[PDB]
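Step one of this worksheet: look at the structure below.
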2 protein chains.
Amino acid sequence: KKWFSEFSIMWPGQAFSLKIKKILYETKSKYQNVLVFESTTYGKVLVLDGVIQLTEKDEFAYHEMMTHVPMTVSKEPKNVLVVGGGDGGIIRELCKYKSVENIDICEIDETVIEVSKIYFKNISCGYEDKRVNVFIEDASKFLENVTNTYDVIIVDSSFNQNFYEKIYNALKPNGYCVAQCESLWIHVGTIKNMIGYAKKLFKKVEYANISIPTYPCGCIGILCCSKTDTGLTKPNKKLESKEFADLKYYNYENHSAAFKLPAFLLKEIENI
Amino acid sequence: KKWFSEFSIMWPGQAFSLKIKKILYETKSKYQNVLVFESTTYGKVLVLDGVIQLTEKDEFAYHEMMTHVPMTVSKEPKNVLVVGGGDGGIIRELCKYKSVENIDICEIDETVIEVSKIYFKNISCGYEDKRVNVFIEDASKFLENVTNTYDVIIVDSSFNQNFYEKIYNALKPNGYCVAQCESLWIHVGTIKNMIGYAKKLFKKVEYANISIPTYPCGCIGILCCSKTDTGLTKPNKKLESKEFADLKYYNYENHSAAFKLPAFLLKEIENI
Ligand SMILES: CSC[C@H]1O[C@@H](n2cnc3c(N)ncnc32)[C@H](O)[C@@H]1O
Ligand SMILES: CSC[C@H]1O[C@@H](n2cnc3c(N)ncnc32)[C@H](O)[C@@H]1O
């Protein structure tokens with residue numbers, strides 16, 4: 001059996017590897033290289049430009065935290081935007097909320113969506129929900145053009161000052177944005193940059209950490225943006241209905257705990 | 001430049017790798033293979049039987065959490081035992097406490113201690129402290145023979161029913177033990193076994209998670225054992241004196257947060 005190994009200028013000097021049971025699909029799309037393989041121990045793996053996008057084993061950690069943090073804080077979210085997220089993990093978690101009326105997703109690469117529908121049925125299942133509307137376009141263009149405003153925007157992608165202005169303007173007065181935001185173990189300067197962009201517009205910017213083995217350094221953060229001084233560290237609801245019985249990572253207590261950061265990280269961000 | 005890669009039957013199907021700036025020392029000791037190398041991005045690395053023991057970049061996360069969790073809960077700890085811990089990270093954190101009168105360490109491999117004193121001076125610096133006494137022996141034998149009882153025992157090693165009986169008996173009536181205890185991402189069955197051994201004797205057994213990139217899956221847990229129903233989730237003191245000004249991970253809030261576990265883990269351990 002061969003091994004898949006992920007290298008990157010973004011995390012030099014380190015690599016993470018998974019053993020391949022079977023290579024399932026490869027293509028060069030208009031945007032990126034796409035690889036799908038069954039691993040021996042982490043289930044199926046989505047790889048984009050040589051970077052692990054997701055594995056069946058741990059994906060719920062990231063998709064649950066990213067979704068349920070803002071959605072338990074938003075009081076009655078009706079309209080939600082996912083930026084990126086072609087795999088449909090976030091959408092799957094969004095559909096659990098009966099109150100939601102519409103879910104727009106803007107993914108630039110339709111190949112990601114179709115590969116997820118074929119190879120990752122338990123991740124992409126939300127696409128069948130009638131509330132879900134797909135836009136195949138650059139989120140930068142989407143956000144300049146959208147007429148609606150959203151209760152929550154979830155940026156599920158690996159970002160500059162103009163981008164956060166567009167997110168701010170696309171949100172309701174009391175709207176929230178959460179965005180994927182680096183590992184505290186390797187890119188503190190980036191986290192500081194991102195926090196600085198966000199603070200230009202948002203009155204409350206907070207950072208949370210998710211434990212997930214197949215992201216570099218075994219963790220990834222959520223940059224949390226609020227228009228009210230109250231923020232996203234405390235949920236306003238418990239997830240008690242039958243739709244949430246299946247949750248594997250997220251709970252009421254973990255929500256708040258994820259904002260309790262290592263001392264080195266608080267020191268770095270304190271003067272921003 | 002070559003790469004160091006860690007493989008193991010303990011985490012099959014996955015591997016983590018660091019780039020080597022320079023190999024610094026190798027030997028087969030009486031107990032294990034020992035390797036020391038400067039990595040390109042994580043500083044110096046200690047490797048024992050092909051498993052990363054520590055890196056200069058992230059060691060403070062593990063040594064701070066393991067030490068300051070029990071030591072902020074113990075009211076006036078005088079006598080502390082470290083089991084394993086030859087690198088001296090725990091001892092370094094123990095010496096910060098003026099109240100401590102004695103620190104016994106039982107490490108089976110004196111080569112680890114001497115390699116740490118030579119190659120890892122900022123980790124092994126606590127060995128110079130006059131309160132520190134070294135026992136080169138199997139902790140199993142040490143614990144059967146010791147006459148003193150301890151306020152805190154820190155098991156810094158990778159454990160069975162008889163071992164926890166020995167720890168229970170080596171502790172004061174109000175004593176605490178914390179032990180290194182697996183990644184929740186790969187060895188839930190082990191965590192359940194360990195919790196089951198501990199609960200036979202200890203009235204309060206709790207599990208905490210530490211984020212640390214160079215442990216498999218980027219995290220490691222602390223099995224927490226208390227003789228009083230109150231447990232180890234809430235500190236009784238703040239670390240405010242000049243000795244703790246340097247802390248890089250541990251703080252008052254992170255202490256409690258580390259006990260807030262993913263929902264899948266609570267479900268697995270609930271019926272133990
Ligand atoms: C599957 S999760 C991350 C996703 O973000 C998508 N993505 C990357 N850049 C953009 C962008 N500018 N607009 C919309 N989606 C994007 C990628 O194609 C990937 O599917
Ligand atoms: C350096 S951290 C982990 C340490 O635990 C030590 N160790 C392993 N097994 C035992 C044991 N049975 N008794 C004491 N120390 C041990 C190892 O030699 C290593 O130095």
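All of this is worked out from the model, or read from it or from the source named; nothing here is a laboratory result. We place every Cβ from the backbone using ideal geometry, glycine too, and count neighbours over all the protein chains shown.
Checking each residue in the range A:215-272 for being more than 17 Å from the chain's Cα centre (by Cα) and basic (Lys, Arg) picks out A:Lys227, A:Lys234, A:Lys237, A:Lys238, A:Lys242, A:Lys260, A:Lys267. Taken together, A:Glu76, A:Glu93 contain a single residue that is in the same structural domain as A:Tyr150 (by CATH), in a helix (DSSP H, G or I) and more than 16 Å from ligand 2 (Cβ to nearest atom), which is A:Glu93. If you go through the range B:149-196 and pick out every residue that is more than 24 Å from B:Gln32 (Cβ to Cβ) and touching a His at 6+ places or on another chain (Cβ under 9 Å), you end up with 0.
For the range B:198-248, the set of residues classified as in contact with an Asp or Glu (Cβ under 7 Å, 6 or more places away or on another chain) and away from chain A (no Cβ under 14 Å) consists of B:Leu201, B:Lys203, B:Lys204, B:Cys224, B:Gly231, B:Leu232, listed by residue number.
Residues being surrounded by fewer than 20 Cβ atoms within 10 Å (Cβ to Cβ) and within 14 Å of chain B (Cβ to nearest Cβ): count how many of those fall in the range A:31-51. The total comes to 4. What about A:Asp138, is it within 9 Å of ligand 1 (Cβ to nearest atom), over 25 Å from A:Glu240 (Cβ atoms) and not basic (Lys, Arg)? Here the answer is yes, as A:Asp138 does meet what is asked. So which residues in the range A:150-177 are of a type in the set (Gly, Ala, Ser) and away from ligand 1 (no atom under 12 Å from the Cβ), if there are any at all? Across the range A:150-177, the qualifying residues are A:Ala170, A:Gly175. Looking at the structure I just gave you, is A:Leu48 away from ligand 2 (no atom under 16 Å from the Cβ) and within 15 Å of B:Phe16 (Cα to Cα)? In short, no.
Of all the residues in the range A:180-197, those that are under 16 Å from A:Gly218 (Cβ atoms) and more than 14 Å from chain B (Cβ to nearest Cβ) number 2. Residues of the range B:104-139 that are within 15 Å of ligand 2 (Cβ to nearest atom), closer than 13 Å to B:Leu81 by Cβ and not in a strand (DSSP E or B): B:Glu137, B:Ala139.
Checking each residue in the range A:61-88 for being within 28 Å of B:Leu265 (Cα to Cα) and either of a type in the set (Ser, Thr, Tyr) or in contact with an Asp or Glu (Cβ under 7 Å, 6 or more places away or on another chain) (or both) picks out A:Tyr62, A:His63, A:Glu64, A:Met66, A:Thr67, A:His68, A:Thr72, A:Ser74, A:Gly85. Of all residues in the range A:65-86, those that are under 17 Å from A:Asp129 (Cα atoms) have Cβ atoms under 8 Å from Cβ atoms of residues that are of a type in the set (S, T, N, Q) and within 11 Å of ligand 1 (Cβ to nearest atom), 6 or more apart or on another chain, in A:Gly85/A:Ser157; A:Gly86/A:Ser116. Is it true that some residue in the range B:24-43 is within 11 Å of ligand 2 (Cβ to nearest atom) and of a type in the set (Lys, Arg)? Yes: the range B:24-43 contains one or more residues that are within 11 Å of ligand 2 (Cβ to nearest atom) and of a type in the set (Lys, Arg). In summary, A:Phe142 fulfils each of the numbered conditions (1) of a type outside the set (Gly, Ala, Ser); (2) touching a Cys at 6+ places or on another chain (Cβ under 8 Å); (3) part of a loop (DSSP other than H, G, I, E, B) with the single exception of condition (3).
If the condition is being among the small types (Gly, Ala, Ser) and touching an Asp or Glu at 6+ places or on another chain (Cβ under 9 Å), then the range A:89-147 contributes A:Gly89, A:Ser99, A:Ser116, A:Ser124, A:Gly126, A:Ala139. Search the range B:4-24 for residues being part of a loop (DSSP other than H, G, I, E, B) and surrounded by fewer than 17 Cβ atoms within 10 Å (Cβ to Cβ), and hand back the single one that is nearest to the other protein chains (Cβ to nearest Cβ). The selected residue is B:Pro12. In this structure, does A:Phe120 turn out to be within 9 Å of ligand 1 (Cβ to nearest atom) and in the same structural domain as A:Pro213 (by CATH)? In short, no.
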